[PDB]
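Visitor: Structure for this input, please:
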Amino acid sequence: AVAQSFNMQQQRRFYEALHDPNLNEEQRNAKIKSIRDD
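Guide: Numbering: from 1, shown residues only. See below for the structure:
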């Protein structure tokens, strides 16, 4: 594919970051970015 590293595994931490309001904007976007990069 375009790359596809561990994105599928990370999908749960990705979902967590996106949905979870307790994790603030900075935390969320940092996780999202790192996951998309990996």
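
Visitor: Residue 27: neighbour count?
Guide: Residues within reach of residue 27, counting by other C-beta atoms under 10 Å, total 12. Just so you know, the C-beta spots here come from the backbone N, C-alpha and C atoms, and that holds for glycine as well.

Visitor: Now do the same contact list for it.
Guide: residue 17 (C-beta atoms under 8 Å, 6 or more residues apart in numbering).

Visitor: Where does it sit, in terms of helix or strand?
Guide: Residue 27 is located in helix 25-37, with elements delineated by DSSP states H and E.

Visitor: residues of that helix that come out buried?
Guide: 28, 31, 35 (16 or more other C-beta atoms under 10 Å).

Visitor: CA atoms only for that helix - export them in CSV, please.
Guide: C-alpha atoms of helix 25-37 as CSV (Å, rounded to 0.1, in the frame of the first residue of the first chain):
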residue,chain,number,x,y,z
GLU,A,25,-6.2,18.5,22.3
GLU,A,26,-2.3,18.4,22.6
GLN,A,27,-2.2,14.8,23.8
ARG,A,28,-4.8,13.7,21.2
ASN,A,29,-3.2,15.4,18.2
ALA,A,30,0.3,14.2,19.3
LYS,A,31,-0.9,10.5,19.4
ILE,A,32,-2.9,10.9,16.1
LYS,A,33,0.2,12.4,14.4
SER,A,34,2.6,9.7,15.7
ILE,A,35,0.2,6.9,14.7
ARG,A,36,-0.3,8.3,11.1
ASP,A,37,3.5,8.7,10.9
